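Please read the structure below before turning to the comments.
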Amino acid sequence: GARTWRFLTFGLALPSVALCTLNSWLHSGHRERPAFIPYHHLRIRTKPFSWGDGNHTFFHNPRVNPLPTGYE
Amino acid sequence: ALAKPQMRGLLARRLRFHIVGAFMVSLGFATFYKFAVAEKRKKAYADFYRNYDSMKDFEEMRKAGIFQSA
Amino acid sequence: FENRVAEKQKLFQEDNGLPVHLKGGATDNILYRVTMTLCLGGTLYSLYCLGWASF
Amino acid sequence: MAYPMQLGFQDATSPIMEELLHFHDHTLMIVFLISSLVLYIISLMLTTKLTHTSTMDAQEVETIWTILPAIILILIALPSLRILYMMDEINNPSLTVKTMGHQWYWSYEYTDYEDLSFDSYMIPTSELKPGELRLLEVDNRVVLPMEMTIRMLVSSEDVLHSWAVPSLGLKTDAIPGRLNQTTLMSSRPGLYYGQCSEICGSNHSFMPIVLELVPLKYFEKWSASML
Amino acid sequence: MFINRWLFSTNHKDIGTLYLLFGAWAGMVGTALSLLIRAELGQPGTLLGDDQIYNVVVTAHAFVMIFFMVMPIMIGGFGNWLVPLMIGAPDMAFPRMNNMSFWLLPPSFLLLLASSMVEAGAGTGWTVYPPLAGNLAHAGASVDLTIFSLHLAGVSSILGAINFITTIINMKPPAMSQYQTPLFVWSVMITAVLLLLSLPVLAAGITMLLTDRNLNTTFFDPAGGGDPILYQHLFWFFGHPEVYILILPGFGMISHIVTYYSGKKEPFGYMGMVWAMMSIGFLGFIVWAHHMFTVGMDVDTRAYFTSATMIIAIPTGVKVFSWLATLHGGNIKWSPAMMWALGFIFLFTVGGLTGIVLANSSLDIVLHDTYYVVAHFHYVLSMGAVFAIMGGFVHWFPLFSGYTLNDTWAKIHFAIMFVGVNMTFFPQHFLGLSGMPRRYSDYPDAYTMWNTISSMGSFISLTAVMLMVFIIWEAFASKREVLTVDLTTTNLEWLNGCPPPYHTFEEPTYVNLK
Amino acid sequence: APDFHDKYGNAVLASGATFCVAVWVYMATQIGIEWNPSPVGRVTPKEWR
Amino acid sequence: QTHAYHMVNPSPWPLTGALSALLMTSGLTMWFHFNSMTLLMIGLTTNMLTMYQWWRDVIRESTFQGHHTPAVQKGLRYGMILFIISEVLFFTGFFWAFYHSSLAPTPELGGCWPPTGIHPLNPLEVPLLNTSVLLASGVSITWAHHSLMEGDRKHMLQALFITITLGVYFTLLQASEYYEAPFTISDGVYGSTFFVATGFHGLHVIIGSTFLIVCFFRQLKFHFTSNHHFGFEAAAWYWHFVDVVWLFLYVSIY
Amino acid sequence: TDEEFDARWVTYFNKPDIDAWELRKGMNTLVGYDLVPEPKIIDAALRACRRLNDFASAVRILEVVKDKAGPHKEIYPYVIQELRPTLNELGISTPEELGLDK
Amino acid sequence: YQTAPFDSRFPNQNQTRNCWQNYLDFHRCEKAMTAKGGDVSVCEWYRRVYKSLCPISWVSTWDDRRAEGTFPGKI
Amino acid sequence: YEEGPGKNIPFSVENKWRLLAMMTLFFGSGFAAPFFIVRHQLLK
Amino acid sequence: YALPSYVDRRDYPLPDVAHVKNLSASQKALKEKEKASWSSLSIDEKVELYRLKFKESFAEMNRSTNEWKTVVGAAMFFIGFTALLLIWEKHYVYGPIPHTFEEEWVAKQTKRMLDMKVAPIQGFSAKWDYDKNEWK
Amino acid sequence: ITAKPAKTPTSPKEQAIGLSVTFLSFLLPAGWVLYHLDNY
Amino acid sequence: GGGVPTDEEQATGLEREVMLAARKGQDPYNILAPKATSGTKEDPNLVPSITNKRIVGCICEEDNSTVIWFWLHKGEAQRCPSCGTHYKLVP
Ligand code: HEA
Ligand code: HEA
Ligand SMILES: CCCCCCCCCCOCCO[C@H]1O[C@H](CO)[C@@H](O)[C@H](O)[C@@H]1O
Ligand SMILES: CCCCCCCCCCOCCO[C@H]1O[C@H](CO)[C@@H](O)[C@H](O)[C@@H]1O
Ligand SMILES: CCCCCCCCCCOCCO[C@H]1O[C@H](CO)[C@@H](O)[C@H](O)[C@@H]1O
Ligand code: CUA
Ligand SMILES: [O-][O-]
Ligand SMILES: [Cu+2]
Ligand SMILES: [Mg+2]
Ligand code: NA
Ligand code: NA
Ligand SMILES: [Zn+2]
């Protein structure tokens with residue numbers, strides 16, 4: 001019944017989400033900017049993107065995403 | 001007085017005989033291909049190579065001017 | 001909130017010969033017109049872009 | 001090469017293509033067996049005033065209509081798979097040659113010892129010497145030793161191509177980033193022609209392959225002279 | 001009333017009629033393209049220009065004939081018209097969604113036309129393989145427009161597949177089991193299952209191609225660790241089932257036509273015909289890599305695909321033998337539709353058998369990417385799918401229109417087409433065996449005689465197509481209204497007259513369970 | 001009561017056949033189509049080098 | 001009529017939907033090649049309008065007009081199942097792409113997986129939270145379904161609200177994960193397979209959350225009965241599909 | 001067996017109050033089989049026609065006997081010979097005698 | 001040395017990995033030998049095999065990348 | 001809606017010559033389209 | 001369209017309705033007479049009874065036709081017409097073929113093909129006699 | 001199938017016109033373009 | 001808590017007609033297959049209709065795949081043209 005699934009929702013499901021939330025917020029912060037190496041299989045540009053200046057990914061994050069020529 | 005002929009199963013009887021014939025004709029036709037074409041081809045390759053001299057074949061080609069390398 | 005389904009059943013079952021997409025009333029006709037006008041006008045614009053792009 | 005009004009395969013130049021000619025004859029005989037059976041039976045069904053239109057019992061034929069075709073498929077698959085596996089058996093070649101596909105020409109590399117390579121373009125029709133073959137001749141042929149097992153490795157530097165030589169039973173796709181192998185063995189000297197066999201753009205029709213098969217001595221001589 | 005009727009339809013018959021008109025218009029475009037191919041090849045040399053314009057034409061030919069002529073006519077046209085009638089249903093399950101499956105096709109066709117009008121067109125082959133179809137070797141909009149064309153046609157067919165499967169499973173009379181539905185209904189259901197499973201995989205693959213072209217993905221690009229061969233697997237995972245989708249409804253119509261013109265109440269071996277179509281549908285998903293025997297796959301893989309592909313001959317043979325056994329003992333009526341069906345049985349067999357030749361990977365080395373493949377597939381398409389279309393169209397035109405055709409004209413049409421298609425394609429076997437590659441705008445001089453003859457056959461086929469237009473006009477011009485149709489007791493689609501009223505089976509059939 | 005085919009059949013058949021043959025032979029032989037037939041038994045080889 | 005099926009009123013929505021498809025696709029083409037988004041925006045707008053009116057009409061036909069007899073309902077069940085099956089096979093293609101690349105890494109990658117230079121997300125960090133979030137939403141929607149069947153308005157609404165909140169949470173978490181990731185869609189086939197597969201899945205989360213929201217508003221307006229609520233069942237089946245796809249992604253692609 | 005099949009069909013046509021629907025159903029069923037019906041079946045069918053006052057159907061029944069024989073030209077003359085007493089007694093003319101074979 | 005022998009690790013039509021592995025082994029072998037004052041000329045077997053098998057442009061591109069610090073193979 | 005022969009179609013068959021004109025525009029436009037695109041392209 | 005109807009079909013010899021539904025004066029009289037001995041009916045009366053029930057006889061419904069002549073002849077006309085299109089194409093669409101089709105080029109090319117022994121086992125050079133320097 | 005006589009019989013002349021117009025609708029536009037290829 | 005309407009309370013139009021007729025063991029919208037009688041002339045299958053004719057399909061023998069279809073008219077009972085079972089229209 002509904003009572004069982006409500007029990008599961010408040011006893012198992014939401015507490016699990018709460019613990020994972022707590023653990024992600026605590027252990028978030030900001031870690032290492034990876035050192036840049038201009039590997040030819042990464043930062044692929046075969047055609048400019050259709051937004052921005054053509055060279056920035058859609059969720060480009062200046063802190064951790066280098067351009068083909070390196071970090072900004 | 002006319003004698004009683006067979007009146008039942010005439011289509012089935014025609015098929016029983018003609019199916020055997022279909023198989024014979026179709027096997028004959030396929031086997032004729034095998035004979036006229038495949039057996040002829042086996043013999044033509046075995047005969048061509050039986051005493052084939054690759055170097056003589058080469059020299060003749062060379063002499064006629066066909067090669068870049070010789 | 002209150003259950004007003006009975007009112008909506010009476011409205012949508014009114015014997016006025018309207019097809020279902022217009023049976024809500026005047027607001028339906030407006031939303032229909034806007035929809036069809038954007039579709040047809042946009043289709044015209046798309047043929048325009050093709051003409052331009054073809055050369 | 002092909003000749004006018006030709007009906008079947010180009011004559012075999014390699015043992016493997018000989019096998020394929022026989023296997024094709026064997027399979028085409030079966031094609032003729034079945035297609036003649038069907039036309040004969042069609043014709044039989046359509047040539048009688050006798051009738052039987054009530055329901056017919058279908059279970060009587062269940063067996064022969066599936067078992068005899070199964071047996072015929074076996075008769076095809078057995079030699080088919082024998083040839084498949086024979087062709088795959090361990091190759092010990094004496095020579096490795098690479099070819100790279102390009103828009104629209106082939107390059108060849110013979111790098112077992114020396115770094116020999118060159119490009120091979122189609123001879124334009126306006127530049128053919130008397131008696132030379134329209135769309136087939138190249139400037140620099142692929143010179144190879146006859147009567148030797150040769151490993152040909154095939155790739156591309158741009159789009160797909162496919163490296164084919166019908167008379168030797170060869171067709172290997174030229175895929176950028178991949179190195180595909182085939183083996184080649186000619187029973188005879190001569191000139192053996194193929195054509196690009198994957199759609200590759202403007203001049204797909206116009207980037208042929210010419211193998212020139214000669215005794216080892218002349219291959220070595222040519223090798224050294226093309227360095 | 002015209003806009004309401006023909007643009008806002010929720011009626012299975014009118015939607016069927018729209019599909020038949022669309023498909024007949026597409027067939028003219030595809031015939032023009034076929035003539036352009038054969039005009040280029042009809043004498044040695046260059047007629048139109050280089051391989052780019054030529055393969056734009058070849059690629060468009062294929063897309064038009066497959067996605068805009070065959071599929072809309074068989075599934076949209078005959079499926080919509082006949083399926084509801086054959087199970088006594090009042091319409092399709094989703095009669096409004098059905099109209100969108102129709103209306104997606106003119107825009108899909110407009111996209112393809114746009115692809116050929118911009119830049120230098122999409123000269124890729126209907127397979128659209130990268131890297132030729134990528135953004136460096138086909139820079140610009142053409143390939144993208146082609147992809148979008150396929151997405152729309154894909155959505156149209158997916159939605160249509162959901163509609164047909166739901167209709168066929170849910171809307172029969174309550175006493176009727178699935179094994180008391182006619183064979184065309186089965187063929188449509190099975191085709192719909194194949195579409196439902198296969199088109200989403202195509203959609204994924206062409207979406208990857210779109211992202212490689214525009215979002216800097218590298219699914220198919222070695223530089224990023226991608227692989228052009230991946231695209232081939234995804235394409236042919238769809239593409240093999242696609243050819244079964246093209247032929248299955250034609251199998252269904254052939255069973256009906258053969259039965260009817262043999263004077264029979266039922267096809268021979270109904271259960272075997274159902275089993276055979278289900279077997280073919282299943283086997284059609286486990287054979288795709290016979291399109292890839294020269295790409296460099298492992299030997300055991302090549303053995304498996306050779307073997308599995310040949311197995312398809314067994315259930316297919318059951319259907320051929322069952323059609324012959326339907327003829328057996330018939331009161332044979334040599335109608336034009338009967339002629340199409342007999343030509344189908346024989347010529348489809350020939351095409352099937354050259355497919356069995358090609359199933360052999362070792363031999364396929366030498367046949368792959370030659371005209372032998374082109375000969376195989378045109379026997380099963382131009383002399384198979386198309387013969388079933390023509391048969392069905394002549395047979396059911398009186399049901400759909402209420403008018404009869406001139407049977408003598410229809411027989412003349414058949415005879416000319418028969419000569420034309422055989423003259424076009426039979427010599428292509430020789431061109432293939434002797435080494436003529438696919439997708440070539442010109443050929444070495446040796447290949448001239450067979451190319452010449454082949455082109456001459458294409459012109460005869462043109463004459464047949466032109467004549468068919470005239471024959472349809474003459475029927476509508478003369479207005480011979482149908483009077484009696486025989487064998488209605490086992491052909492339910494006819495029982496509401498010619499044409500049937502807009503609404504049929506408002507009162508459903510009475511069938512008891514006993 | 002004789003039908004279309006009783007009246008016009010033999011005429012359509014004879015004329016059609018005659019027209020078809022005449023026009024195809026003319027097309028094949030009189031307008032410069034190069035069929036490129038086999039050289040075998042037809043062409044005399046000539047020096048090329 | 002003396003059958004139980006639904007003869008639908010003639011409708012413009014099929015045509016507007018088909019034209020919306022034309023405008024979205026020609027609009028993407030104009031965006032990718034001619035640097036303009038106008039056509040695309042008009043297509044998205046007409047697509048949204050068509051979806052709104054078409055599904056509005058299905059509610060009119062069912063809740064308000066009574067056309068969903070058991071036989072019509074049974075057909076909608078089949079149609080939703082079949083639609084889901086087609087979506088599963090769409091995703092299968094991306095799984096195939098992922099395995100093709102990852103099980104045979106090419107020399108350009110360093111001949112290894114993950115590729116040289118790629119730092120994968122740790123699946124025991126935000127992706128585990130994502131997993132808990134969608135699993136919990138599968139539990140809540142099940143509570144919502146049982147509450148509906150038992151006739152319990154308040155608990156249905158509460159359960160359904162929780163389910164939607166969780167889908168929105170997933171979407172926000174995934175947007176953040178996308179922003180924080182040190183690799184991009186342009187980081188070769190690693191980036192391609194990861195973002196396109198998870199991206200289509202995120203699209204489906206959005207779609208399913210939207211469908212649940214429609215259900216929420218319909219439940220607020222008393223449309224559903226304790227025995228007749230197929231829009232809700234269809235949204236729950238779609239949501240379970242969204243959950244199962246995530247679980248495969250989690251296990252496979254991370 | 002053949003004899004049991006024959007006797008059922010004779011019995012069918014012999015039903016004194018056989019109606020017109022039943023006579024037609026009988027004959028139309030029978031001609032679907034791979035056989036020319038035995039004289040005693042046709043005899044019984046002809047006499048049903050007489051009880052049903054249907055001369056035309058009697059003629060038609062003789063035509064369908066000839067038709068079912070196909071290229072086996074000895075079967076019709078034979079059945080006619082065997083039927084002559086019934087033909088004479090009921091005044092049933094053959095299709096040939098009526099010119100209906102031209 | 002005439003050409004690269006059959007290698008049972010690479011028995012298939014796709015020879016990509018055979019070229020790759022031998023290019024890697026040449027450089028791995030040189031590093032390990034030179035580190036232990038060992039005989040570096042032993043590694044010549046690998047150089048001969050990769051030179052036979054690998055396209056010139058692949059060897060050239062990988063060489064360039066090693067010089068650049070962007071070669072993705074582990075050596 | 002109109003029912004019966006000539007009435008269940010989106011085109012009129014009232015007059016056979018107007019029908020001929022409509023059928024000819026219909027089919028002839030589809031046949032002609034590829035030729036006109038070839039023209040279009042060669043003129044670039 | 002929903003009513004039982006008439007057909008002439010040799011496997012349905014007794015159709016669902018008579019050929020003539022509505023009978024004149026004398027036709028009803030003839031039907032009444034059919035109730036008495038049939039020996040008392042004339043040949044004409046018997047034929048008339050037959051033609052009230054049935055439309056065509058077996059012989060008539062099974063007749064041969066000359067349609068095959070019209071079909072074959074007309075097909076051949078249309079096939080002939082096609083050759084006119086080909087002639088038109090040859091004159092107005094096609095330009096010159098390549099120079100490699102000139103007779104001298106072919107003579108040269110043929111010699112070179114024999115010198116390289118093109119298809120020497122069966123297909124081409126096999127048909128040339130190298131000893132006698134002629135075609136076999 | 002059986003049918004009523006033609007409501008609006010199409011005489012041989014009328015068929016010759018219909019056939020000619022049909023064939024010309026295909027042949028003239030294509031022929032025009034094919035003739036003029038060189039000019040393009 | 002309650003608050004969710006029932007079908008009894010809120011079902012409408014044809015859904016409601018079907019539900020109400022089912023409670024009374026009636027099938028005006030043909031959801032169920034009609035049970036056969038012995039099908040003799042004395043005991044024909046009674047075929048309801050809202051007009052003066054309805055199509056019958058007769059599955060003559062169970063697991064026949066072929067169904068025999070015909071128009072049943074108002075008036076004298078008619079017979080399946082394959083098995084002869086009797087049907088009578090009740091308009
Ligand atoms: C259904 C599919 C189909 C059909 C019918 C055809 C029909 C024809 N095709 Fe084919 N063709 C393909 C699909 C088809 N083709 C595909 C898939 C390819 C490969 C593409 C690639 O390589 O990428 C191809 C490639 C191809 C080539 C090879 C190009 C190359 O490799 O360079 C050639 C060459 O002659 C050719 C010619 C023709 C000709 C002369 C016809 C003629 O037989 C056409 C004649 C006309 C008809 C058969 C009737 C048309 C139908 C109607 C008018 C509808 C009528 C409507 C109603 C009754 C409702 N086609
Ligand atoms: C309607 C379309 C259709 C159909 C139904 C088929 C059916 C079959 N096809 Fe074909 N095919 C195509 C259309 C179709 N094909 C196209 C379009 C391509 C090219 C794609 C491209 O590259 O563009 C192609 C390519 C193609 C290839 C790839 C070749 C290459 O590219 O190198 C192969 C290889 O196995 C193949 C095989 C078969 C087989 C075995 C069948 C079987 O289903 C045939 C089974 C039928 C029979 C065998 C006949 C009936 C049987 C009997 C009478 C019983 C007895 C028979 C035996 C015992 C043998 N087809
Ligand atoms: C079939 C229909 C598919 C619909 C596709 C919709 C895609 C809409 C994308 C809109 O993207 C706009 C560009 O946004 C990108 O570039 C902008 C700078 O130019 C940034 O401000 C944004 O943050 C983002 O990185
Ligand atoms: C719906 C399908 C419609 C199909 C229409 C097909 C007609 C296609 C004509 C395609 O034109 C391609 C462009 O070709 C021209 O430009 C190319 C590139 O510069 C050249 O390589 C060619 O020789 C050609 O001159
Ligand atoms: C479930 C899958 C996730 C999909 C979530 C999509 C909804 C989130 C949309 C947010 O889009 C914006 C990305 O924007 C960020 O980076 C962009 C580029 O540097 C910037 O222009 C923006 O200002 C922003 O900083
Ligand atoms: Cu290179 Cu085709
Ligand atoms: O695909 O055959
Ligand atoms: Cu296939
Ligand atoms: Mg290929
Ligand atoms: Na050409
Ligand atoms: Na429920
Ligand atoms: Zn019955």
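Here is the naming used below: chain letters follow the sequence lines, and residue numbers restart at 1 for every chain.
With contacts defined as side-chain heavy-atom distances shorter than 4.5 Å, the pair K/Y50/H/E63 qualifies. Considering only heavy atoms from C-beta on, H/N28 comes within 4.5 Å of K/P13 through its side chain.
Between chain K and the residues H/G91, H/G32, H/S93, the most heavy-atom pairs under 4.5 angstrom are made by H/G91. For the set H/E89, H/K25, H/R60, the count of heavy-atom pairs under 4.5 angstrom toward chain K peaks at H/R60. Of the listed residues (H/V31, H/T29, H/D54), the one with the most heavy-atom contacts under 4.5 Å to chain K is H/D54. Ranked by heavy-atom pairs shorter than 4.5 Å toward chain K, the options H/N53, H/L30, H/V59 are led by H/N53. Listed options K/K31, K/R63, K/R10 were ranked by heavy-atom pairs under 4.5 angstrom with chain H; first place goes to K/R10. Ranked by non-hydrogen atom pairs under 4.5 Å with chain K, the options H/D67, H/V64, H/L90 are led by H/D67.
Considering only residues two or more places apart in sequence or on other chains, K/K28 meets the salt bridge (charged side-chain N to carboxylate O under 4.0 Å, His left out) condition with none of them.
With values rounded to the nearest 0.5 angstrom, K/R51 atom CZ is found 5.5 Å from H/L100 atom CG. A distance of 12.5 Å separates CH2 of H/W21 from CG of K/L14, quoted to the nearest 0.5 Å. One finds the NZ atom of K/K53 at 12.0 Å from the CZ atom of H/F55 (value rounded to the nearest 0.5 Å).
Interface residue K/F54: only side-chain heavy atoms are found under 4.5 Å from chain H. For chain K, no part of H/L52 is nearby; none of its heavy atoms comes within less than 4.5 Å. Interface remark: K/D44 contributes no atoms to any contact with chain H (heavy atom separation under 4.5 Å). Heavy atoms of K/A18 lying under 4.5 Å from chain H are absent altogether.
Around the OH atom of K/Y92, the shell of radius 6.0 Å holds no more than 12 heavy atoms that belong to other residues, nucleotides or ligands. When the shell of 6.0 Å around NZ of K/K136 is examined, it contains more than 12 heavy atoms from other residues, nucleotides or ligands. Within 6.0 Å of atom NZ in K/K55, 12 or fewer heavy atoms from other residues, nucleotides or ligands are found, so the atom counts as exposed in its surroundings.
Nearest heavy-atom pair across K/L49 and H/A56 is O-CB, 3.5 Å. Across all their heavy atoms, H/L98 and K/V47 have their closest contact at O-CG2, 3.6 Å.
Of the possible polar contacts, none joining the K/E60 side chain to the H/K102 backbone as a donor-acceptor pair under 3.5 Å is found.
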